[PDB]
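In what follows, a structure is listed as structure tokens, so that the remarks can point back to it.
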Amino acid sequence: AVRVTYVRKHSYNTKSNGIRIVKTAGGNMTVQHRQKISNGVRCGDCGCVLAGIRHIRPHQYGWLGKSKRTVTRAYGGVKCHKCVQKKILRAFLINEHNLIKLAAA
Amino acid sequence: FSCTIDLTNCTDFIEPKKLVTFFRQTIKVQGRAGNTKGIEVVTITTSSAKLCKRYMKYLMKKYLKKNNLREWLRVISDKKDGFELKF
Amino acid sequence: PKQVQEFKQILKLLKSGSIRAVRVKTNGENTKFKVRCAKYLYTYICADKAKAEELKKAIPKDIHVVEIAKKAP
Amino acid sequence: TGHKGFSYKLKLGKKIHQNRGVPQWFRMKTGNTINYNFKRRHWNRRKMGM
RNA sequence: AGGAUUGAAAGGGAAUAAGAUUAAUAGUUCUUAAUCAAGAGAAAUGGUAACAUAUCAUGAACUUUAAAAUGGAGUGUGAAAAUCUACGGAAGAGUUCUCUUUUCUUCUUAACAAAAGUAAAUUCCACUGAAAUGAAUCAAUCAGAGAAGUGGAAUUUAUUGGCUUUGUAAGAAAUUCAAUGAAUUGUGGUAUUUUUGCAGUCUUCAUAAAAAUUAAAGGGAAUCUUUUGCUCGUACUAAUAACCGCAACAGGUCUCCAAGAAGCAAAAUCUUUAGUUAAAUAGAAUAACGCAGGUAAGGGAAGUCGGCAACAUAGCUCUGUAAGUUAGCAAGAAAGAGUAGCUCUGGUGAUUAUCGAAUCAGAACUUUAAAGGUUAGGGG
């Protein structure tokens with residue numbers, strides 16, 4: 001086995017100091033710096049992970065294409081489809097009830 | 001499969017005729033030395049039996065040690081499924 | 001580095017005025033046409049000798065051409 | 001330390017520069033008593049405390 | 001519009017790798033190949049849907065949401081690396097008068113991107129509507145606020161998109177050969193460990209950070225090439241000699257990487273890669289008294305304040321286990337038997353005849369009669 005050494009000057013097994021050891025030409029093994037695991041997005045109401053958006057670092061979303069950081073729907077990217085459906089019915093049914101209850105009952 | 005041995009600079013040290021009988025009487029085709037009926041005997045050119053190039057170097061190095069001449073001669077592959085002998 | 005897939009793009013790349021250098025490598029099985037552009041190094045794996053010659057004529061004479069073989073320069 | 005401030009590094013460099021003996025010509029001056037630098041130090045003998 | 005300064009070289013954080021080079025520096029130099037930031041040259045489609053489209057396809061004020069940004073335990077499992085191993089080889093080395101188709105070494109590949117082929121897990125969408133209730137895990141857990149089935153969508157899996165593969169890229173590097181030039185660089189495993197993710201389960205009178213910074217939404221105000229990237233640290237030790245103890249002090253001082261044997265074990269013991277043979281001087285003789293390690297006939301605590309010290313037990317399997325008790329324990333109670341080598345036999349699966357795992361049980365024979373080299377409870 002080939003034993004390796006930290007390349008940067010950090011010497012502690014911190015979250016930002018994660019490494020990967022990969023093989024390299026000549027049988028030597030080198031040290032990489034791996035990225036932290038991130039969370040995605042959550043519905044503003046039900047707190048569920050949204051589908052269609054990758055789990056990357058906050059700044060890396062700007063690098064992605066304009067269509068790859070959202071979902072093409074009303075409140076897309078901030079509310080789940082189930083979250084949105086309840087919003088539409090609430091807005092329509094309550095308004096319709098207001099027209100019959102009050103406003104020339 | 002056809003292994004070829006070159007002695008073009010050491011045939012005086014080792015006559016081929018002595019090598020032909022040794023390979024015939026020492027190859028263990030099925031664990032038995034001397035039962036090499038499917039061996040064409042310096043070349044070996046045998047297809048019925050299974051052998052190896054690295055096996056050929058084994059007896060040849062064994063042969064050199066038997067004659068106490070191993071300290072002078074070295075068996076080197078000629079990159080053409082054969083072996084050539086140097087000093 | 002990027003890899004171009006079919007023959008149409010490389011000629012359009014060769015005829016484009018963004019080229020900087022060309023290096024041709026001959027392997028035991030195929031021939032690679034690495035085009036050194038401003039940003040990337042596009043390459044094209046070719047296994048047909050006649051199509052390779054068509055490519056070599058497509059190279060403008062002004063650009064520098066480097067031929068690589070079993071011995072590196 | 002490998003890491004140091006710029007001003008601290010320069011003060012380190014001066015202490016290296018001041019750790020030298022008397023040049024030979026200065027020792028041949030007439031009426032010269034300064035033969036050895038008594039302010040000298042070595043890393044393993046006295047820590048300069050800075 | 002809302003609250004000033006400082007406070008982390010282990011918290012948050014835009015973006016770089018492989019090879020080569022020096023007497024000494026190198027994610028810093030060189031070759032090659034990349035990335036990032038700041039600049040310069042009445043306004044889209046598709047899908048039933050989950051949602052998808054090399055920049056595309058306008059989006060101000062104001063407001064909201066999310067990320068950065070969240071404990072621990074234990075179980076299962078995906079992938080990579082190391083070790084081991086199956087088949088096929090190529091080159092070199094070791095042994096060789098006794099044998100050995102033999103034993104050992106090399107057979108490699110980066111950042112960043114591509115998308116032939118092909119995965120595991122979770123969550124959603126469409127059709128349908130479950131009772132004779134079904135579906136599933138090692139465990140769970142779930143269903144008319146809709147299970148199972150079939151067909152789809154998304155996310156995660158150390159960069160693009162997880163793995164093989166591809167560009168980089170063989171021109172490098174490794175192993176050989178010749179005297180700079182030549183050769184090779186397959187495919188696998190229902191094995192172990194490590195690393196890294198994922199899934200649910202358990203636990204708290206414990207619920208296990210904030211900002212810089214980024215994106216999205218609601219609203220409708222308005223009508224590819226190229227330049228530059230400043231300041232400071234960067235040598236060396238990091239300890240049985242570079243640090244703190246007056247010193248080259250058997251004391252103390254926070255971390256990363258981690259091979260084989262054997263074993264439950266990162267234990268003791270031995271070895272490979274690397275390091276070293278010197279670390280406050282030696283030679284001769286082999287008295288007493290010592291310090292450290294031992295043994296001893298017969299007796300067995302009679303020694304002593306006192307079994308102090310030492311001796312003794314010691315692993316695993318099977319049988320067996322009392323009084324007392326807060327009913328949980330005591331308990332490894334106590335006590336007894338087995339254990340080696342060699343030659344065999346049988347049980348536990350996968351895939352559909354071939355292949356594979358260490359584990360358990362049993363039987364003849366032999367001997368110096370078997371845990372004991374090391375590790376390893378004295379009991380009442």
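Starting from 1 in every chain, residues are counted up; chains themselves are A, B, ... following the order of the structure tokens, and ligands are numbered from 1 as listed.
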| query | Residues of chain C in strand (DSSP E or B) according to DSSP, as a list in words? | reply | residues 2, 3, 19, 20, 21, 22, 23, 24, 25, 26, 31, 32, 33, 34, 35, 36, 37, 41, 42, 43, 45, 46, 65, 66, 67 and 68 of chain C
| request: For residue 25 of chain C, list every protein, DNA or RNA residue within 8 Å, evaluated using only C-alpha atoms (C1' of nucleotides), and leave out those in the same chain fewer than 2 positions away; present the list as JSON, numbers by chain. | output: {"C": [23, 27, 31, 32, 33, 34, 67, 68, 69]}
| field | Within 9 Å of chain D: residues of chain E, using only C-alpha atoms (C1' of nucleotides), as a VMD selection string | value | chain E and resid 9 232 to 234 242
For the selection you just gave me, I'd like the residues written to a file as a PDB file, in the first residue's frame, keeping C-alpha atoms (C1' of nucleotides).
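Wrote it out as out-v5.pdb, contents follow:
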ATOM      1  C1'   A E   9      -4.230  30.007   9.206  1.00  0.00           C
ATOM      2  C1'   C E 232       1.474  39.258   2.820  1.00  0.00           C
ATOM      3  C1'   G E 233       3.077  33.614   4.392  1.00  0.00           C
ATOM      4  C1'   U E 234       5.677  29.682   1.695  1.00  0.00           C
ATOM      5  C1'   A E 242      15.330  21.724  16.126  1.00  0.00           C
TER       6        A E 242
END
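Residues within 10 Å of residue 23 of chain A, counting only C-alpha atoms (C1' of nucleotides) and excluding same-chain residues fewer than 3 positions away, are residues 2, 26, 27, 28, 29, 30 and 31 of chain A; 81, 108, 109 and 110 of chain E.
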| Do you have the atom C1' of residue 268 of chain E-atom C1' of residue 377 of chain E distance handy? | 18.2 Å
| field | B:29, B:49, B:10, B:39 ranked by distance to residue 87 of chain B, top pick (using only C-alpha atoms) | value |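 Ranked by minimum distance to residue 87 of chain B, first place goes to B:10.
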| For chain E, which of C:37, C:43, C:62, C:11 is the closest residue, counting only C-alpha atoms (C1' of nucleotides)? |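 Of C:37, C:43, C:62, C:11, the one nearest chain E is C:43, counting only C-alpha atoms (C1' of nucleotides).
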| message | One number please: atom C1' of residue 85 of chain E to atom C1' of residue 357 of chain E, in Å, one decimal. | response | 12.6 Å
| request: Fewer than 6 positions away in the same chain doesn't count, so skip those; otherwise give me all residues within 10 Å of residue 83 of chain A, counting only C-alpha atoms (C1' of nucleotides), as a ChimeraX atom specification. | output: /A:43-48,75
Could you save those same residues with C-alpha atoms as a compact mmCIF listing (two decimals), in the first residue's frame?
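Here's the written file again-v5.txt:
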# COMPACT_ATOMS: atom_id res chain seq x y z
CA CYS A 43 -41.67 23.53 -0.26
CA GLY A 44 -42.50 26.76 1.53
CA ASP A 45 -45.55 25.16 3.16
CA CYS A 46 -45.07 21.40 3.54
CA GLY A 47 -41.28 21.34 3.90
CA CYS A 48 -40.67 18.61 1.31
CA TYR A 75 -44.46 29.20 -7.70
